[PDB]
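The sequence shown runs 6 to 530, 533 to 559, 565 to 658 under the deposited numbering.
Every residue gets a Cβ at the ideal spot worked out from N, C-alpha and C, and that includes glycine.
In what follows, a single structure is set out as structure tokens and then discussed.
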Amino acid sequence: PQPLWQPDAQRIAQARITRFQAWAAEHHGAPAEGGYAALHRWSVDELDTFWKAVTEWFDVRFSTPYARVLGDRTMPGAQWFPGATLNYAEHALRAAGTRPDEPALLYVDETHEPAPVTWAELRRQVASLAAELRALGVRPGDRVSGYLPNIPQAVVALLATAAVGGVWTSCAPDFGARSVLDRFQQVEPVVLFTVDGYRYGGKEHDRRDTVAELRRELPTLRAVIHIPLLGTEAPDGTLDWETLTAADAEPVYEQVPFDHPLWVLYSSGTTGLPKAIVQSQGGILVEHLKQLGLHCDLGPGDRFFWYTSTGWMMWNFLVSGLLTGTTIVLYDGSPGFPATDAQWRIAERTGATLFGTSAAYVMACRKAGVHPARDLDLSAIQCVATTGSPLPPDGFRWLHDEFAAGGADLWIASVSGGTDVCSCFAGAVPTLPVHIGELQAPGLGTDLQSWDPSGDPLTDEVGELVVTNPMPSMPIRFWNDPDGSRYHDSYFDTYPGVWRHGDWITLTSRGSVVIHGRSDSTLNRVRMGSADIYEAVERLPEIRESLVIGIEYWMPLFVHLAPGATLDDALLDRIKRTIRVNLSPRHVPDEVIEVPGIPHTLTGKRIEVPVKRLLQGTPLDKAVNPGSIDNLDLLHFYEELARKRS
Ligand SMILES: [Ca+2]
Ligand SMILES: [Ca+2]
């Protein structure tokens, strides 16, 4: 297997993860030799010592000592650092004591004119707001909610919430009221931070009526804090943001147990109410430190820009950049406004050193004839990362060569972040080569395996992604989950005591990971992942997006066509051809059906399972939570299809 890219030996030697291994080998019995393969095996075989090592390396300061690193090891509900106390916000703001006048936040909107908030100023605003939250009666454990775009106020609010031991939960303001309420009503927040609207694509999006509706339908709220993004007056009964952040009193951080809830995230699952996933201050603290400082190589003074809505877990990951003393870049706006290269212009104007984006955006830039490294000053960029669908080899080459032609050797990273543990089970390692369509390795401390139906491990064979050991950022539990039934059914109902993620994967002999698709959405004719098929079909110019389903056996391919394209015999021939060639005859659809579009979750994930149910005759009204999908009418198309075929 020929790598797309191999890191040079000095880059390897200079990686923080390499320094960590050397230090761990001196002080904690880690292997000095053997590189990542050896470090990883140690991180799993000596799990307690590994996490101890992580906390020392990052100087996590427990205000009360832990009794041990790990008590009960069984899942779900493993017992991390029992006895210890800490505070996430306190750790995040440590750099205010070391480089107070450096920028902690660089924020920007569609004017593309960045503004800084210094570490000292961030610490002060957070302390002011935390004191106000305490005065409003927010106690440790109370939920504090936000209806907020990616603006510096959202970071200040989250940190202030964590500082008081409040439990953060948020939605972005492109969510409609039913989607927001389906989430927030489950956890009964006592505070709401909210904007009056936002700007996107050069257009104004008023949210005053939505805010009025949220307030009326959330009767547990006791205080509402208004952020006048569009410059409107605070509604009756609300507090004005600027009045709460202006004080200069001593920072105070609530020292909470390791397991104390930090935030509630919401699953993208489309059945029933969205799962309300609770993660701990301690678990997120150590896992995000590990990912950011070791897997992403981030440290003090770096500048981390991920293009993201606050409604995606990548925002939470971005916020945690502060934990490593890293400046974070916040952009509230469209990815292509005023022009296609907008995200690159932000990276330029903020001096980003790590720029995280989507493979789709990279490909769209290449297609549009953008040359970002040539035309902008991207000399500060050391790494470009994508999460979600993998960057194809022509995209990787373009990106790398675009920087390489100008004398820069770029690290192109592929990660796979998920809401469930607010991190990745597998993804990037700065010291390993990159291969087509692979995630480089399971993360440190993650015992990832591919299991057959009998629960035995496979190598170079497709199987179920399992994680056989506990990770600190795994959910404490789901909120609004009697008996813990939904949490159990989500991961623990297939192999006892083992986390089964629902991904159909290969774990290669080189220790890397290929994700073929969702296990519950495979095509069985031999069990095939749908991802492989989407890659092939969707390379065709005429096909904007596709969706493949298999039902007991009928295997139709739904295609949303590019403008001007027509589903003719020639097109059907090209479709079937590219499939039987690049994959196999088994992969060829029984039928191709043109569609007005492809329905998605709110986060833009394909919804194969709900569509399958519809095609199986389940009425739309009972198949999905409509607040959890992006286009009701598009989904109704598929119900009509089943009705027509009934
Ligand atoms: Ca347990
Ligand atoms: Ca295409």
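Please tell me whether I510 and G576 are closer than 8 angstroms, where the distance is taken between their beta carbons.
Here the question's residue 510 lines up with position 505 in the sequence shown. Here the question's residue 576 lines up with position 564 in the sequence shown. One thing to note: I510 has its Cβ no nearer than 8 angstroms to the Cβ of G576.
CB-CB under 6 angstroms to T250, same chain, minus the five flanking residues each way: which ones, in chain order?
As a working note, residue 250 is residue 245 in the sequence shown. Only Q130, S133 and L134 meet the Cβ criterion.
Please check the pair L153 and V185, which I expect to be a contact at CB under 8 angstroms, by giving their CB distance rounded to whole angstroms.
The residue labelled residue 153 in the question sits at position 148 within the sequence shown. The residue labelled residue 185 in the question sits at position 180 within the sequence shown. About 11 angstroms; that fails the 8 angstroms criterion.
Measuring CB to CB, does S524 end up less than 8 angstroms from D508?
Position 519 of the sequence shown, counted from the first residue, corresponds to residue 524. Position 503 of the sequence shown, counted from the first residue, corresponds to residue 508. Closer than 8 angstroms, so yes.
Residue range of the alpha helix (DSSP H) that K588 falls in?
If you number the sequence shown from 1, residue 588 lands on position 576. From DSSP, the alpha helix (DSSP H) with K588 extends over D581 to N594.
Give me whichever residues DSSP pairs with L197 in a beta bridge.
Residue numbering aside, residue 197 sits at position 192 when the sequence shown is read from its first letter. Under DSSP, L197 forms a beta bridge with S150 and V229.
Please report how far the alpha carbon of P305 lies from the alpha carbon of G326, in whole angstroms.
The sequence position of residue 305 within the sequence shown is 300, counting from 1. The sequence position of residue 326 within the sequence shown is 321, counting from 1. For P305 and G326, the distance between alpha carbons rounds to 9 angstroms.
Considering only heavy atoms of ligand 1, does any lie closer than 7 angstroms to the CB of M476?
To locate residue 476, count along the sequence shown from 1; it is residue 471. Outside the cutoff, so no.
Using a Cβ-Cβ cut-off of 6 angstroms (strictly less than) and excluding sequence neighbours within five positions of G432, which residues of its own chain qualify?
Position 427 of the sequence shown, counting from 1, holds the residue named residue 432. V420, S421 and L444.
Using the Cα positions of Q191 and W484, report the straight-line distance between them to the nearest angstrom.
One-based indexing of the sequence shown puts residue 191 at position 186. One-based indexing of the sequence shown puts residue 484 at position 479. Distance between the alpha carbons of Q191 and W484: 7 angstroms.
Within 8 angstroms, strictly: CB atoms of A385 and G361:
If you number the sequence shown from 1, residue 385 lands on position 380. If you number the sequence shown from 1, residue 361 lands on position 356. In this structure, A385 lies away from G361, with their beta-carbon atoms at least 8 angstroms apart.
Just to confirm, is the Cβ distance from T590 to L547 under 8 angstroms?
Within the sequence shown, numbered from 1, the residue matching residue 590 stands at position 578. Within the sequence shown, numbered from 1, the residue matching residue 547 stands at position 540. With contacts defined by Cβ atoms closer than 8 angstroms, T590 and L547 form a contacting pair.
Start-to-end residues for the beta strand (DSSP E) that takes in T123:
Your numbering for residue 123 matches position 118 in the sequence shown. It spans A120 to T123 - the beta strand (DSSP E) in which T123 sits, taken as one unbroken run.
Which residues does DSSP list as the beta-bridge partners of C388?
Taking the sequence shown and counting its residues from 1, the one referred to as residue 388 is at position 383. Residue pairing by DSSP places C388 opposite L359 and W416 in a beta bridge.
Other residues of its chain near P608: CB distance less than 8 angstroms, five sequence neighbours each side excluded:
As a first step, residue 608 must be located in the sequence shown, where it is residue number 596. Contacts found: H572, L646 and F649.
Hey, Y500 and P81: beta-carbon distance below 8 angstroms or not?
The sequence position of residue 500 within the sequence shown is 495, counting from 1. The sequence position of residue 81 within the sequence shown is 76, counting from 1. Cβ atoms of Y500 and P81: not closer than 8 angstroms.
When you compare only the Cα positions, how much space is there between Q19 and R99?
Here residue 19 corresponds to residue number 14 of the sequence shown, with the count starting at 1. Here residue 99 corresponds to residue number 94 of the sequence shown, with the count starting at 1. When only Cα atoms are considered, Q19 and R99 end up about 24 angstroms apart.
DSSP three-state assignment for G40, whether helix, strand or coil
Counting from 1 along the sequence shown, the entry for residue 40 is found at position 35. Looking at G40 - three-state DSSP - the assignment turns out to be helix.
Report all residues from its chain with a CB closer than 7 angstroms to the CB of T424; omit the five preceding and five following residues, and keep chain order.
Locating residue 424 in the sequence shown gives position 419, where the first residue counts as 1. So the list reads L270, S272, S273, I282 and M318, once near-sequence residues are dropped.
Three or more C-beta pairs below 8 angstroms linking the segment 144 to 161 and the segment 191 to 211
With the cut-off at 8 angstroms, the segment 144 to 161 and the segment 191 to 211 touch.
Where the beta strand (DSSP E) containing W268 begins and where it ends:
By one-based count along the sequence shown, residue 268 stands at place 263. Start and end: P266 to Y271.
Report whether the distance from the Cβ of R625 to the nearest heavy atom of ligand 2 is below 7 angstroms.
To locate residue 625, count along the sequence shown from 1; it is residue 613. Residue side-chain check: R625 keeps its Cβ at 7 angstroms or more from all non-hydrogen atoms of ligand 2.
Element boundaries [alpha helix (DSSP H), containing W56]:
Here residue 56 is taken as the residue at index 51 of the sequence shown, counted from 1. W56: member of the alpha helix (DSSP H) spanning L52 to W62, first to last residue.
Run of the beta strand (DSSP E) containing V472, from where it starts to where it stops
Stepping through the sequence shown from its first residue, residue 472 is reached at position 467. Note, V472: beta strand (DSSP E), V467 to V472.
Output the distance between the C-alpha atoms of residue 560 and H440, rounded to the nearest integer angstrom.
There are no atomic positions for residue 560 here, as the chain continues from 559 directly to 565.
Does the count of Cβ pairs from the segment 296 to 313 and the segment 99 to 112 closer than 8 angstroms reach three?
Look at the beta carbons and you see the segment 296 to 313 touching the segment 99 to 112: at least three pairs across the two are nearer than 8 angstroms.
The alpha helix (DSSP H) with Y112 in it runs from where to where?
The residue you call residue 112 lines up with position 107 of the sequence shown. Per DSSP, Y112 belongs to no alpha helix (DSSP H); it is in the beta strand (DSSP E), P108 to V113.
List in chain order the residues whose CB is within less than 7 angstroms of at least one heavy atom of ligand 2.
Residues with a Cβ closer than 7 angstroms to any heavy atom of ligand 2, in chain order: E545, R546, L547, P548, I550, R551 and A574.
What three-state label does DSSP hand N155 in the structure shown?
Counting from one through the sequence shown, the residue named residue 155 turns up at place 150. Coil, per DSSP.
Do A83 and ligand 1 come close, with the Cβ less than 7 angstroms from some heavy atom?
As a first step, residue 83 must be located in the sequence shown, where it is residue number 78. Yes, the beta carbon of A83 sits closer than 7 angstroms to at least one heavy atom of ligand 1.
DSSP has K295 in a bridge; who is on the other side?
Position 290 of the sequence shown, counted from the start, is the residue given in the question as residue 295. BP columns for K295 are empty, so no partner.
Buried or exposed by the 16-neighbour rule on C-beta atoms within 10 Å, applied to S68:
One-based indexing of the sequence shown puts residue 68 at position 63. Its Cβ having fewer than 16 others within 10 Å, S68 is exposed.
Report yes or no: do the segment 156 to 165 and the segment 333 to 342 share at least 3 C-beta pairs separated by less than 8 angstroms?
Touching, yes, given that three or more Cβ pairs across the two stretches are closer than 8 angstroms.
Any non-hydrogen atom of ligand 1 closer than 7 angstroms to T473 Cβ
In the sequence shown, the residue the question calls residue 473 occupies position 468. No, Cβ of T473 sits at least 7 angstroms from all heavy atoms of ligand 1.
Examine the Cβ distances between the segment 55 to 65 and the segment 244 to 260 and report whether three or more of them are shorter than 8 angstroms.
In short, these stretches do not touch, since the Cβ pair count stays below three.
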